[PDB]
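Peer 1: Model the following, please.
(chains A, B, C, D and E, ligands or ions: 4)
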Amino acid sequence: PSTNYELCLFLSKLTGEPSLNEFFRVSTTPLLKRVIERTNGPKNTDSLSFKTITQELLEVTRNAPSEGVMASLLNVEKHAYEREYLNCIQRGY
Amino acid sequence: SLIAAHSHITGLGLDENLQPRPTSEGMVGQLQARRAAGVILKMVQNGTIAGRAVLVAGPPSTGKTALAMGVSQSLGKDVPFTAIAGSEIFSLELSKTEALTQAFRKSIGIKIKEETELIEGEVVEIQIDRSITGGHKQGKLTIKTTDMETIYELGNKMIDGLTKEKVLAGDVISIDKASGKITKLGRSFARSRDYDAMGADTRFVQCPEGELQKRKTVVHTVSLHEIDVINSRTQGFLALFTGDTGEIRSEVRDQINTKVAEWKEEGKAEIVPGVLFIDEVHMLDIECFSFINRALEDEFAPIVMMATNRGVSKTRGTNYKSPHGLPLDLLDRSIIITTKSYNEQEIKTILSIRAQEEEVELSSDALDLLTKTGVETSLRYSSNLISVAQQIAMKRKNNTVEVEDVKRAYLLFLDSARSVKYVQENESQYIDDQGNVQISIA
Amino acid sequence: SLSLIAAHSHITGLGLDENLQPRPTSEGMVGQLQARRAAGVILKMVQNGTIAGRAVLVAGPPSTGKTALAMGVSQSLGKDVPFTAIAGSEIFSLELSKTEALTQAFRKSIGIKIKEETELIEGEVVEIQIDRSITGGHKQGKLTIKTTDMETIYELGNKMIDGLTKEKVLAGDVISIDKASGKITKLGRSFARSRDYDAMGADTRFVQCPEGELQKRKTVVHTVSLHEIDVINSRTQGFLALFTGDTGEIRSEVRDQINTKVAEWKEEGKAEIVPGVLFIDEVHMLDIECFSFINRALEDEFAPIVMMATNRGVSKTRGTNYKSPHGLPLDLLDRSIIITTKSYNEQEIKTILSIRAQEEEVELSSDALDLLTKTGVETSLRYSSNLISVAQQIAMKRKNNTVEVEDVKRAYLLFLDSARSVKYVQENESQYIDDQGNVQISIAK
Amino acid sequence: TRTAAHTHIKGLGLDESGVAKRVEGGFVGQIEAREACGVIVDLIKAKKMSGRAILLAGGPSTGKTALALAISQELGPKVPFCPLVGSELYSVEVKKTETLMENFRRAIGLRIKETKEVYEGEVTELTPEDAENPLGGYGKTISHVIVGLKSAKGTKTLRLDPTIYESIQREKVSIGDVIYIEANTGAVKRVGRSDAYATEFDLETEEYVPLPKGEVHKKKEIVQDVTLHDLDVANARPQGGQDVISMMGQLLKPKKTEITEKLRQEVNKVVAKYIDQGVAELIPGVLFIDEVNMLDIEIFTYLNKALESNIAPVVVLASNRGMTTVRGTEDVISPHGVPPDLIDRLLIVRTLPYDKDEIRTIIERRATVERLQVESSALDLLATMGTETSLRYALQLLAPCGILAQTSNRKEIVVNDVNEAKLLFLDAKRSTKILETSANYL
Amino acid sequence: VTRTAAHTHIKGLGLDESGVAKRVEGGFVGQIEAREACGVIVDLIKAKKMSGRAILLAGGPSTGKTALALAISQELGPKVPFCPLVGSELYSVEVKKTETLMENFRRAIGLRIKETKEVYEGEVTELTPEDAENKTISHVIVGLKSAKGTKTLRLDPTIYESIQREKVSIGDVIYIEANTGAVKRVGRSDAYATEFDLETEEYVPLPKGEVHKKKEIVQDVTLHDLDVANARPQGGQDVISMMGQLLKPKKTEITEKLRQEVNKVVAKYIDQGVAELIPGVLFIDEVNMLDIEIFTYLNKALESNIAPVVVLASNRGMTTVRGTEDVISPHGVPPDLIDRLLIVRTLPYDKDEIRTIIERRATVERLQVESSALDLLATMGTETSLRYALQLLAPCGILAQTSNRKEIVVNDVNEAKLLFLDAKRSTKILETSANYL
Ligand SMILES: Nc1ncnc2c1ncn2[C@@H]1O[C@H](COP(=O)(O)OP(=O)(O)O)[C@@H](O)[C@H]1O
Ligand SMILES: Nc1ncnc2c1ncn2[C@@H]1O[C@H](COP(=O)(O)OP(=O)(O)O)[C@@H](O)[C@H]1O
Ligand SMILES: Nc1ncnc2c1ncn2[C@@H]1O[C@H](COP(=O)(O)OP(=O)(O)O)[C@@H](O)[C@H]1O
Ligand SMILES: Nc1ncnc2c1ncn2[C@@H]1O[C@H](COP(=O)(O)OP(=O)(O)O)[C@@H](O)[C@H]1O
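Peer 2: Residues are numbered from 1 along each chain as shown, chains lettered A, B, ... in the order given. Ligands and ions are numbered 1, 2, ... in the order given. Right below this line is the structure:
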C-alpha cells in the first residue's frame, strides 16, 4: 500500500475486504498457515463479490435438522453413509 | 421418472423352461437372442462361473441394448449391473486399464451381514458435556420405555447426531447402533412449558412398550470398488462421489481380495457377481482389448456383456480391420449372441407397445401407416414420430391420433434418407468436405 | 518511463477529421485512407456502445499496417476502455481449454464503470486511548490522528478497535481511514518517528507524513472487466488468480449469475457497461474449434467488437485438411466485415521512414532517406526501418551526428535482407543442413 | 439497449392450434421449421418424455440458432436452457464424457416450495436468565434466553433455548443489532446494525442495514429453482467438513472431477422421493448444441448411450454441413457430420434459404430494432446486396451505414451511404477474388 | 587449474575503437564482417534505447554463430543481462510455450538497485524487554559485544519476535540485519563454554571485528524475478524452509495485469532514481526447432515496448518450418518473422585460419604441438571437420603424456586418428557393414 495504493483500493472494491493490507498479507504467507488462520467475519456489502446459488444452499444447511427438503436434498453423502452401514465396516488394507 | 426408450422392458419374458413368449414383459420377437440371454441370466444367478465374455451383435435398431436392459430388469435387486459405454474408459485422470479395473470391480458385489441393536424409546434426560472450544463431547442419555429405563454413555458421533434433529425430553426416538442413525419418531409428552424458539410441530406418538434393546441382523450389499476406494486413502468416502480415485495401487487390490476371501470364509460376508455391460464396445483401443483378455481370467471377474453394431471394421489403435471391430483373441474368449432384423408384425407390435407406454391412443390405420413407415425407413423413426403425432393430435383438440396427424408429423420431421436426398439435390447450399458453400441466393 | 521505442510507438491514434476523413499524414499514420476511414467507422461503433459482437477482419499483405491500424484504433479509443490485444497462439494452453481461453479473452474486453466516494482521513497516529468497557461490548477509543498542519480526536467503535488491532498500528504510524465504508490501511511508519529504533522490522515501511487537510473527499472511477468478476467469484480468495493466472475453467453458472447481476446493477444504476475491442493478431493460427466457438460467442449481448488480423492468402485452415481464404472458414467470414490494406508507393515509404527516423531521434540526410526509400521499395519497409538504427550506430561509431549515404551502405552490406540471404543459401546449399538433414562440413575433398 | 444479431426474435410466433403467421415474432418465413419447433416446444411443455433429439439441418445463415433461441423464449425463463458449442466439450481438466454429462444435468431443473418461519428485527435486550438452584461448580447457568425483537409496527419478546446463547456469542450479537432466527433450526444471523443505532459518529466499519419491514414473526412460502447439476456439485464437495483439506480445496483452484454415477443415482432417488411427497416439481429443459459436426466420434457414441436414460432432457442439435467426414474417423462419410446411429436416434428439421422479399423484410426488421431509419431505395439496394452477397453481410453493414449517416448529420440512411459502406468494408467473395488475383501473399 | 570449455578461448569481439575487426584478436581469427556486425549490435544494445530488435545469425555448422553470441555476451559485460536458450527449451510440460517464451523475454531485462547492508554481530550481554502496556512489549534493549567493544540497540517487537524465534538467550553471539530485520543465532560464546562439561550448545568465538558493519551493495535482478516474486499460487517465499512445502507449486500463465503492475512499480522506483534499467540480450540457438505457434507469438512479442534484443541462430537452408507441412523457408524461419530480422551471414573457413584455430585451442588448453603435427591436424580439419581436430587435440595430449612427452608428435596424431573416428569414416563403416554396424 505504500507504493501501489491504487491497486489495493481496486482489489478492496472488488473483493470487499475491510482492510487494505489483506492482499499483501495473503500474498506473503504460506498456504497452510493461511488455511489455519482464516477466521474472517465481516465483509463489505458494497462490493462485486457475489453470493452464488450453491453457496446459499450450503449456508442454509450449515446447521439444519433432518427431513427438511433443502436439508435432505444436499445431505445425501451422510444418508449413503448411514444406509450402507459404513459406521461399523472393518478395515481391509 | 420419465419415459425413456427402454421403459417398456420390465424383464426378459421367459418361462421356467427358459423359453421366450412371443410377447411378454415388453419384449416381442428375437426369440433365440432372448433364450440365450435367459441362459446368461441363469449363469449369473448361479454365481459359480466367473469371467465369461458375451458379445451381442446385430444391425442398428435391433435390440442389443434392449436385450441388455431386459437382462438388467430380470437380474433382480442387490445384484450389480454396471452399464457403461466405450467412451468412458478414455479419461484424463485414469489410465485405460485402471478405468477398466474400476468398471470390473464395480460389478462385483459383497453381501455383508451385520448385527444391530435397535433402541426405541422416550428420552427422559440428555446430559451433554462439551469442552470450551466444543471439540471433545461426551455425556449420558437416560432413555425409557414402559417396562424399564436405562442410562447410556454417548460418544462424539451420537451427540453430533443428537444435536441435529434436536431431541428434547419426552421425544420418542430410535437408535440404530451399527449405523449411528438417529430417527426422531416424534414427541409423546406435550409439556405445557413451550419455548418460543422452536417451530417444531412433531406428531403425537404412543409410548413404546416391550424391551428397549432389540437385536436384529441387517444385510447390505457393497461393491468391490467401494471397498478399494474406501481403503485407498483417508477420505475415500468423499472420493466415492467426487470420483477423485486416481490410480489405486495393486497392493490395495490384493489386500482387499484377501480380506474379502477371509470375510467369505468367516460367514460374515458373501460374494455375489454381476454384469458389466459395455455398449459400443468397438470404441475401445487395442490396449483395452488386451487388458480385457487378461482381466477376464480372474476369480473376481464378472460376466461381461458387450454390444456392437459394426461389421468387419477398423479396430481402434491398429491399422487393420477385424470382425465387430474386435481382435480375434478377444473373439476367441467370447460367445456371440446374434440378433436379427424384424418383419412387419414385430415392428407393429413394438410400435403398439411404445404407444401404450407413452399413453398415446392410435387408430388402426394410423398404426398401419406407422408400421409401413417403420419398415420403409426405421423403427426408431416411427417410434419418435409417435410422440410428435400425439402432440399434433392434442393441438387439434382430439384425444386419439389419426392418419393425418401421422402424415403431418412425417411431413414436418425428416428421416435419414429424405434428408440425404435433400442435401444431395441442394449440394451447393451446404458446407461440403472441402469447406465450400454458396450462401448467396443469386 | 519504462517503455522504450517500439515498432508502433510513433502512432498516437487514427489521423482522422471530425467528418471521419483521414488526413494524409496525422498522428503517426501515413496513407491507407480507405482502411483508416473504415477503422474510424469501427471506432465510432465501439464508442456508441449500443451494438455487440461484430467481427472485423483486417486483411492484406505483410508489412502493410494491419497491426499499425489496430494500435491506432487502440490509441484513439482512449483510456479506461478495455482493449485486449492477443495473438492466435496464446489460446492453446495446458490447464485451460481453447473455448475457455477464448471466453476469458472475450470477457476481458468488456467491463463496468463503478463510481466510489472516499472520505479519507490520512495522518500519523499520535495516541490511541482505549476506554475499556466493563462488559467488553462497544469498546470506545480516542484516535489522535495528525497531519503536518493540524490534528483532531476521533471516536472509535469496537469493530474499529478490532480492525486496528488486527494489523499492528502504533504511535507514529501513517494510516488512512475511510469514513463512509470503514476501510483500514497501514501505509507504514512516519519519517519523524523513524530514528527511535536502531533496526527496522521485516514489514516496517517508512512513508512521509501527509500534509494539508486531515480529511479529504475523492471520487474514484473503477473499470472492472467481466473476467475480473468471474475470477473473483470463482474462488474464496480469487484475487490471486487475477495475477497468477490459475483461474482453471470457471464454470458456466457463475458466468450467467454474474451476467444477470451486471444487468440488474445496470438497471439500478450503480454501474455502467463499457464495451471494448478484442484484437486477435494472426487469427489464422487458430483451430476450427476456436473458429466455431468464435462464431457462437459473437452472438451474446456481453460481447466486444472483435478485430482480427491476417496476412494469409488462400491457406489451409488449422485442424482440417482443406484450404480456405484468409485461413478462415466460410461461416466465420460470413459473420464478418473485411478491411483490406494495400501496399505502399515510394512517397508513403519515404514518409513512414522519415517518421520512424524522427521517432528514434536519428537525423537522416536527404540522400540517405532516398537510399532507404529505394531499399524499402526494393526489399521491404521493415528492412529499412531496422536499417535506420544500425546506420545510426554506424555513424555514431564514425564520430558523426547525422547519417550519410556511406552509413546506410555499410548497414546494407553488414546486414542482409530476405532475398540476398535466400540467394546466398541457394548458391551454397551443401554448407547448410537440408530438409533431409544432409550437410557438408568438410571444406575440401 | 444492446443488440447482438438477435433479440428481434421474440418466440416463434405461432397462433394457438394453427399455422404460423409469415411475419410474426421477429421471424420472416421458415413456416414449416417454426411449426416443427412449436410442436417440439409443446412436447417439452408436456413434461413427459426424456432424451428426445432434434437436429436442425440447413445452410449457413438460415436461422437454426434463431429457432433454438425462439424455442428458449417460448419455453420461458423458468424452464432451463443450456446453450453450447460442440467445441466446449473438449476440456483439459476432465474428460469429455463428464462435460457432456454435466451439461445434460444442467438442463434438468427442480422447483422446490418450502415454508420459512422466521423472527427477525432489531434487538432490544439480551437477558440470559439464570435458573433457580443453579447446580454447582459452574457460573451463570442459563435457564432460558429472553430476546426482545422489534421491527416495523411489531415488537415481540421471545423465550429461546439456552443453547442459542453460545450462538449469540458466535455471531457477536449485541443490543442494537438486526438479527434473524429461523424457527426450525434456531440459528441466529447478524445481518448488521440498525440505522438509528449509529452511535460511533466518527469512525466505524459496521454495515448499517435498515430496520426490516412487517411483523417480527413472518411465515412465508418461498420457491427455489435449482438444476440437477447444482445438486450434484453441492453434494460432491464436502458440505462443511471443517477439516484442513476442506479449507485447502476451498482456497485452491476448483478443478473439475469425474462425478460418479453413484452420486447421480443418489441425487435422482432423493429427488424422486421428494417429488413423490409433492414438495418438489421436476422440469426438463433444452440442451442446445450448435455445430455438432465438431463433436468427436466418442462424443457421438456417448450421446447414443446417454439419450436412452430416464433423466436426460430434450437435446436440440444444429449443423450446417451436408455430407462430410465424421470427426475422429477417417473414411465415414455421413450427412451433417452426424453418424447414422445417432441420425437414427433423432428427428431432422430442415431449414430453407430465403428469397429477396424475405431478406428485405429481415433487413428492415433489423433496422427497426437497431433504431435506424432507412429509405426505400436504400432498402431495395440492401436487398439486392443481400441476394448478390450474403444475408449476414447486408445485416452487419447496417451499423456502418448508420455511422456514415450520423457523421453527415442526418438520420436517414441514403444510397450514397450504403455505397460508401460497400466501398469501405469488403464481402468475403470480393476478398477471395482479390486474394486470387493478387499474388503478393495477400 | 582452470577447466576449458568449447568457448573458453574467446574473450570478446576483438574490435578496435573505430569498430574495424582486427584479424586475430580476442580469441577470434577471420570472420571480420560478422564481428563488425555484432559490434554494431552491441553498440545498439549499449545505447539502451531500442526495444524488440532482432538479428539472425545464419551460416553453416562449425562457423561461429554461438561463438559470436558469447562474444557479444563478453563484450556487453556481466552487468547487462544475457539469457542463452535453446529452441527446444520452450516446450515445457508445466506451462504453455508462449508463456515460456514471454518469461524468457522478461528474463533479459534487468534492474540495478543500489542498497545498504548494515550488520550487528556479537554476543548478547543484556536482553531487557520493556512492556509499557496500553502483555504487549513496547521495545527491547539489546546489548551486543565483540572484541572491539560493545553497542546497545533499541529494537521493535517484530525483531524481538524473531529473536525469541531463534531461542536467543544471554551469552549468544547473534547476527542482526538492520534493514531487513533478519535475526540469525550464530551460537553461544566460549566465555560460557564451561558452564557444563557436556551440552548440545555450539560454542563459537567472539567476533574479532566491530559490532556494527556497513557496506554498499548492488542488486542485479530481472523483470522475470519480480514477476515470479509476486505471482505465487502458494505464498511464503520469505520464510526459510529447508524442507519442502506439502503442495508443489507449478508454473502458471502470468497474466498481463501482473506485468503492467510490476512495470508501474518499476517505473515508479526508476523515477525516484533508486533503480536503473538495463535492457539485455535473449539468445536462442537452433531457432529452427521453434514451432510455428512460437514463431507467431515471437512475431507478436517483438513489438512490445519492453522487449529486449533477440539474437537467433540457425544452420538450415531451404527447410520446412516446424509445425507446418509445406512452408519451405530459409533457415527454418517463416517469412513474416524474417521481415523483422536483420540477417548476419557467417562464412566458412579455409586451411590457414583453421590451423590458427587449432593452435589457439592448443595454447589455451596448455598443449605443446609440433609444427608438422599442427600441419597434419590442419589437413585433417580441412578433410574431416574443424571440430574433429579441436576434439582430438586432447587425446593427442594424453597419448603424448602417457609416453612421458610434453610435446604432441605426429605419431600421437596418427594414434588418435586411429583410435577415434569422425562422422565420415563411421558412416563408411556403417554402409559397408550389414548387421547394424
Ligand atoms: N424385442 C424388442 N422388444 C421391444 N422393443 C425393442 C425390441 N428390440 C428393439 N426394441 C426397441 O428398438 C429400439 C432400438 O433398440 P436398441 O437396442 O436401443 O438399439 P440397437 O438395437 O441399435 O442396439 C429401442 O428403443 C428398443 O426399445
Ligand atoms: N499507415 C502507417 N503509418 C505509419 N507506419 C506504418 C503504417 N503502416 C505500417 N507501418 C509501419 O510498418 C511496420 C510493419 O507494419 P505492421 O503493422 O507489422 O503490418 P502487418 O501487421 O500487416 O505486418 C510497423 O512497424 C509500422 O511502424
Ligand atoms: N426467418 C428469419 N427471420 C428473422 N431473422 C432471421 C431469420 N432467419 C435468420 N435470421 C437472422 O439471421 C442471423 C443469422 O442466422 P443464424 O441463426 O446465425 O444462422 P445459422 O442457422 O447458420 O446459425 C440471425 O441473427 C437471425 O436472427
Ligand atoms: N572465427 C573463429 N575464431 C576462433 N574460433 C572459432 C571461430 N569460429 C568458431 N570457432 C570455434 O569453433 C567451435 C565451434 O563453433 P560453433 O560456434 O559451435 O559453431 P556453430 O556456429 O555451428 O554453433 C567453437 O568452440 C568456437 O570457439
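Peer 1: hang on, residue A:54 packs against residue D:232?
Peer 2: No. Here residue A:54 does not reach residue D:232: they are 10.3 Å apart, not a contact under Cβ atoms under 8 Å. Quick note: C-beta positions are derived from backbone N, CA and C, even for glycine.
Peer 1: Helices of chain A, start to end?
Peer 2: A:5-15, A:22-27, A:31-36, A:53-60, A:69-73, A:77-83 (DSSP state H).
Peer 1: Now tabulate these in a markdown table and tack on mean neighbour count.
Peer 2: Formatted as a markdown table, the helices of chain A follow (neighbours: other Cβ atoms under 10 Å in any protein chain shown):
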| stretch | mean neighbour count |
| --- | --- |
| helix A:5-15 | 19 |
| helix A:22-27 | 18 |
| helix A:31-36 | 16 |
| helix A:53-60 | 16 |
| helix A:69-73 | 20 |
| helix A:77-83 | 16 |
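Peer 1: So out of everything in chain A, what residue is nearest chain E?
Peer 2: residue A:30 (3.3 Å; Cβ to the nearest Cβ).
Peer 1: Check the stretch 101-250 of chain B too.
Peer 2: Taking Cβ to the nearest Cβ, the stretch 101-250 of chain B has residue B:234 as its residue nearest chain E, at 14.4 Å.
Peer 1: Can you tell me the closest non-neighbouring residue to residue D:425?
Peer 2: Closest residue to residue D:425 apart from its sequence neighbours, by Cβ to Cβ, 6 or more residues apart in numbering or on different chains: residue C:337 at 4.1 Å.
Peer 1: tally of neighbours for the one you found?
Peer 2: Counted with other Cβ atoms under 10 Å in any protein chain shown, the neighbours of residue C:337 add up to 25.
Peer 1: Wait, it touches residue D:401, no?
Peer 2: No. If you go by Cβ under 8 Å, residue C:337 and residue D:401 don't touch, sitting 11.6 Å apart.
Peer 1: Would you mind listing the residues in contact with the residue of the stretch 51-200 of chain B found nearest chain E?
Peer 2: Using Cβ to the nearest Cβ, the single residue of the stretch 51-200 of chain B nearest to chain E is residue B:92, 14.4 Å away. By Cβ atoms under 8 Å, 6 or more residues apart in numbering or on different chains, the contact list for residue B:92 reads D:92, D:93, D:94, D:95.
Peer 1: Including distance to chain A, could these go into a markdown table?
Peer 2: Listed next are these as a markdown table, based on distance: Cβ to the nearest Cβ, whole Å:
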| residue | distance to chain A |
| --- | --- |
| D:92 | 23 |
| D:93 | 18 |
| D:94 | 18 |
| D:95 | 23 |
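Peer 1: Ligand 1: which of these is nearest?
Peer 2: Proximity of these to ligand 1 (Cβ to the nearest ligand atom) peaks at residue D:95, which lies at 23.6 Å.
Peer 1: Kindly provide the distance from that closest one to ligand 2.
Peer 2: 40 Å (Cβ to the nearest ligand atom, to the nearest Å).
Peer 1: ditto for residue A:8
Peer 2: 37 Å.
Peer 1: Quick one: neighbours of the residue of chain A closest to chain E, just the number.
Peer 2: Quick note: residue A:30 (other Cβ under 10 Å) scores 18 neighbours.
Peer 1: May I ask which helix or strand encompasses residue D:180?
Peer 2: Assigning secondary structure by DSSP states H and E places residue D:180 in strand D:177-182.
Peer 1: what packs against that strand?
Peer 2: Contacts defined by 3 or more Cβ pairs under 8 Å, 6 or more residues apart in numbering or on different chains; DSSP states H and E place strand D:177-182 against strand D:108-130, strand D:142-150, strand D:192-193.
Peer 1: Just after the lengthiest strand in chain B, pick out the following helix or strand.
Peer 2: Taking DSSP state E as the criterion, chain B has its longest strand at strand B:109-130. Using DSSP H and E, the helix or strand that directly follows strand B:109-130 along the chain is strand B:137-144.
Peer 1: quick check: angle from that following strand to strand B:109-130?
Peer 2: Orientation check (axes from the mean of the first three to the mean of the last three Cα atoms, to 10 degrees): strand B:137-144 against strand B:109-130 gives 100 degrees.
Peer 1: mind saving the C-alpha coords of strand B:137-144 as CSV?
Peer 2: C-alpha atoms of strand B:137-144 as CSV (Å, rounded to 0.1, in the frame of the first residue of the first chain):
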residue,chain,number,x,y,z
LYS,B,137,-18.0,-34.1,23.5
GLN,B,138,-19.3,-36.8,26.0
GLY,B,139,-22.3,-37.3,28.1
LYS,B,140,-25.2,-39.5,29.2
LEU,B,141,-28.7,-40.3,27.8
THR,B,142,-31.4,-41.6,30.1
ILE,B,143,-33.9,-43.3,27.9
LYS,B,144,-37.0,-45.2,28.9
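Peer 1: who's in contact with that strand?
Peer 2: Against strand B:137-144 from outside (Cβ under 8 Å, 6+ apart): B:119, B:121-131, B:149-156, B:158-160, B:162, B:173, B:175, B:212.
Peer 1: how about 7 Å then?
Peer 2: B:119, B:121-130, B:149-154, B:156, B:159 (Cβ atoms under 7 Å, 6 or more residues apart in numbering or on different chains).
Peer 1: Could you give the separation of it from the chain centroid?
Peer 2: 42 Å (Cα atoms, centre = their mean, to the nearest Å).
Peer 1: same deal with stretch B:41-59?
Peer 2: 18 Å.
Peer 1: Endpoint to endpoint, that stretch covers what distance?
Peer 2: Its first and final residues considered, stretch B:41-59 spans 23 Å by Cα to Cα, to the nearest Å.
Peer 1: contacts for it?
Peer 2: If you take Cβ under 7 Å, 6+ apart as the criterion, stretch B:41-59 is touched by B:12, B:18, B:40, B:64, B:67-68, B:71, B:74-75, B:272-273, B:275, B:296-299, B:301, B:303-309, B:324, B:333-341.
Peer 1: so how many other residues sit close to the closest residue to ligand 4 within the stretch 101-250 of chain D?
Peer 2: Here the stretch 101-250 of chain D gets closest to ligand 4 at one residue, residue D:248, 48.9 Å apart by Cβ to the nearest ligand atom. Around residue D:248 there are 15 other residues, counting by other Cβ under 10 Å.
Peer 1: and whatever residue of the stretch 251-400 of chain D ends up closest to chain A, backbone torsions?
Peer 2: Residue of the stretch 251-400 of chain D nearest chain A, by Cβ to the nearest Cβ: residue D:266 (4.7 Å). Residue D:266 adopts backbone torsions of phi -70, psi -40, taken as degrees, to the nearest 10.
Peer 1: Next one: it relative to residue C:437, how far apart?
Peer 2: 60 Å (Cβ to Cβ, to the nearest Å).
Peer 1: do the same with residue B:200
Peer 2: Counting by Cβ to Cβ, the gap from residue B:200 to residue C:437 is 84 Å.
Peer 1: Neighbours of residue D:180, how many?
Peer 2: 16.
Peer 1: same deal with residue D:82?
Peer 2: Applying other Cβ under 10 Å, we find 23 other residues in the vicinity of residue D:82.
Peer 1: Now for it: which residues touch it?
Peer 2: Counting by Cβ under 7 Å, 6+ apart, residue D:82 touches D:103, D:106, D:107, D:285, D:287, D:288.
Peer 1: ok, back up a step: so what's the residue of chain A closest to chain E closest to, chain neighbours aside?
Peer 2: In space, residue A:30 is closest to residue E:236, 3.3 Å off (Cβ to Cβ, 6+ apart).
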